[PDB]
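**Q** Below is a structure I'd like to ask you about.
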Amino acid sequence: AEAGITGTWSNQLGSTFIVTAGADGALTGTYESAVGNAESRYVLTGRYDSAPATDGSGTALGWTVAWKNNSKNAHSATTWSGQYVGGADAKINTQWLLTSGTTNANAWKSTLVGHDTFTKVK
Amino acid sequence: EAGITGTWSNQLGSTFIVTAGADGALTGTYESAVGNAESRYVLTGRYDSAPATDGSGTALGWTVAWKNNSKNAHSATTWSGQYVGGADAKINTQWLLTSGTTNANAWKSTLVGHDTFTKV
Amino acid sequence: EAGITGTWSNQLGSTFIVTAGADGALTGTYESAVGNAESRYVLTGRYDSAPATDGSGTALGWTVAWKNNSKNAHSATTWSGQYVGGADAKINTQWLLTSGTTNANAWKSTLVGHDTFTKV
Amino acid sequence: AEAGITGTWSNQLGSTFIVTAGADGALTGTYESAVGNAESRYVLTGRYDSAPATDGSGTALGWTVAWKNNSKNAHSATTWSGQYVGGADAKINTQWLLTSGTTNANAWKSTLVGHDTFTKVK
Ligand SMILES: O=C(O)CCCC[C@@H]1SC[C@@H]2NC(=O)N[C@@H]21
Ligand SMILES: O=C(O)CCCC[C@@H]1SC[C@@H]2NC(=O)N[C@@H]21
Ligand SMILES: O=C(O)CCCC[C@@H]1SC[C@@H]2NC(=O)N[C@@H]21
Ligand SMILES: O=C(O)CCCC[C@@H]1SC[C@@H]2NC(=O)N[C@@H]21
């Protein structure tokens, strides 16, 4: 739907983010991580602002992967929160939170944080 | 299955109405008690539909883009956390709220916090 | 002045022993109840020594590098948050715990969480 | 003291981080931000691992600025948590938390998060 966001993207780790930005504000696609307790593709879903500001600001968005697929389950989920900055060197700039299922006793060490920059492969 | 589906509230008084699909999907609406928000917003997310059997929580996350028919804050929040069910269920999360900005102001684009939800 | 100086504990049972200098400095020791840590570690930090007068909290933060004479976890935590004093004082924080890693593993170097401290 | 960490660094915003890594594990210096509610230099203090692993891992560290100096007070503090990766293109890679003093009612919006990469000017 939104042609700028829709496509196949890679981040600095070489993970592959395949997404469609639909007329309804949804992000729908698959994610394949180059790192971590992950193999092959995982379902993702998210949302984006389908009417962004016309003042040069980016388009806010986010999405989630739960790290379960037909062949592995890491008992974990990542959410990416960020913005799409369009134009000739378009980027999706994010920060993310990866929470693993833990006992309450280990909950203090349940969540990793980082940042991913995605560039379109297209 | 999971016990996630239902109406939840957090420490701010916001309302999270969610349905957990058998496939790992989360769907529903979010209404914030605070910020540049009015009425309900669509959410989508994912959860681990086959959690560990060892007393660990269930990983999950979801997104809201803060545009609805009433208002658009040009921002989006993601919650990442764990669910524990049963009669005193709780969802314990950390969240990232990114506002659209120019690249020069990206350093001040993202708030971080933590929300605890209980079932209403 | 501020009321920060003292012995504090968090929800994990860790102990934060701090002195607030008149110049904005924080000094003292931290003992974690969890993780790759034993005994006391040095901390340093800073706080706003001239906070607003409007009922806002006092911004502060501090660092611990997890090396002492007993153990070295090759990691460091920073807490960033706000202090409210008085008889039921609390320090509400978010924290980032970075472990040294190679560049290939920097994506998994940093834990994030939130600690609430009360005075012992 | 530690010559690799000690020096004058700039980040991607053009802020200037002047630091000494002392034999006692302390970081001591000043910070000048290119952005935000800030002017001139602010005191910083922090800590670093003075005996890092010899396996190629970085050197963990962190520091704090409270945004009060002789001429402005933002009623806020930032902490940077990260690691120094030495060698010919040395970097200090961080994530940070900027908490502002707020009322309890506004505490939900008290804290910004981001990431800074510092390169040595020397
Ligand atoms: O190890 C796990 O729990 C599952 C895989 C996590 C991969 C993380 S998600 C954030 C970061 N960005 C990526 O592309 N991969 C890693
Ligand atoms: O102000 C905005 O940009 C939109 C509303 C944001 C509300 C935030 S989302 C994180 C926190 N938890 C809530 O229930 N509300 C606030
Ligand atoms: O395991 C390590 O690398 C060193 C100990 C880390 C303990 C962390 S710091 C954040 C949280 N709050 C605490 O009081 N302890 C844990
Ligand atoms: O606006 C304020 O409250 C004080 C100045 C904050 C500047 C922030 S700290 C994180 C980021 N990195 C910088 O070099 N400057 C900004």
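All residue numbers given for chain A refer to Swiss-Prot; the residues shown span 37-158 in order.
Method of determination (from the header): X-ray crystallography, 1.0 Å.
Cβ coordinates come from backbone N, Cα and C, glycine included.
Pasting the feature list from Swiss-Prot:
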BINDING   A:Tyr67, A:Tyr78, A:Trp116, A:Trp132, A:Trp144  biotin binding site
**Q** What three-state class does DSSP give A:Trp144 (biotin binding site)?
**A** helix
**Q** Sub-8 Å Cβ contact with chain C: please pick out which of the binding-site residues A:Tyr78, A:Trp116, A:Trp132 have it.
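**A** Near chain C: none of A:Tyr78, A:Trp116, A:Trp132.
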**Q** Running a distance check here. Ligand 1 versus the binding-site residues A:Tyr67, A:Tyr78, A:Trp116, A:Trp132, A:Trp144: which have CB less than 6 Å from one of its atoms?
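**A** What lies within reach of ligand 1, judged by Cβ under 6 Å, is A:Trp132.
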**Q** Once near-sequence residues are set aside, which residues in the chain of A:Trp116 (biotin binding site), 6 or more away, have Cβ atoms under 8 Å from its Cβ?
**A** A:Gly82, A:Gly98, A:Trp99, A:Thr100, A:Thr130, A:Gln131, A:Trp132, A:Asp152
**Q** What are the non-local neighbours of A:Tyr67 (biotin binding site), defined as same-chain residues 6+ apart in sequence with CB under 8 A from its CB?
**A** A:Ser51, A:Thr52, A:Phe53, A:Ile54, A:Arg77, A:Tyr78, A:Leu80, A:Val101
**Q** I want to check the contact list for A:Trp144 (biotin binding site): same chain, sequence separation of six or more, C-beta distance under 8 angstroms. What comes out?
**A** none
**Q** Using a Cβ cut-off of under 6 Å to any atom of ligand 3, determine which of the binding-site residues A:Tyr67, A:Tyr78, A:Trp116, A:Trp132, A:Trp144 qualify.
**A** A:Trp144
**Q** Measure between the Cα atoms of every pair in A:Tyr67, A:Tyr78, A:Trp116, A:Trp132, A:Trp144, the residues the record assigns to biotin, and report the largest value in Å, rounded to a whole number.
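**A** About 27 Å separates the two most distant Cα atoms.
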**Q** I'd like the Cβ neighbour count for A:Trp132 (biotin binding site), meaning other Cβ atoms within 10 Å of its Cβ, all protein chains included.
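**A** Around the Cβ of A:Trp132 (biotin binding site), 24 other Cβ atoms lie within 10 Å.
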**Q** I'd like the number of other C-beta atoms within 10 A of the C-beta of A:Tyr78 (biotin binding site), please.
**A** 24
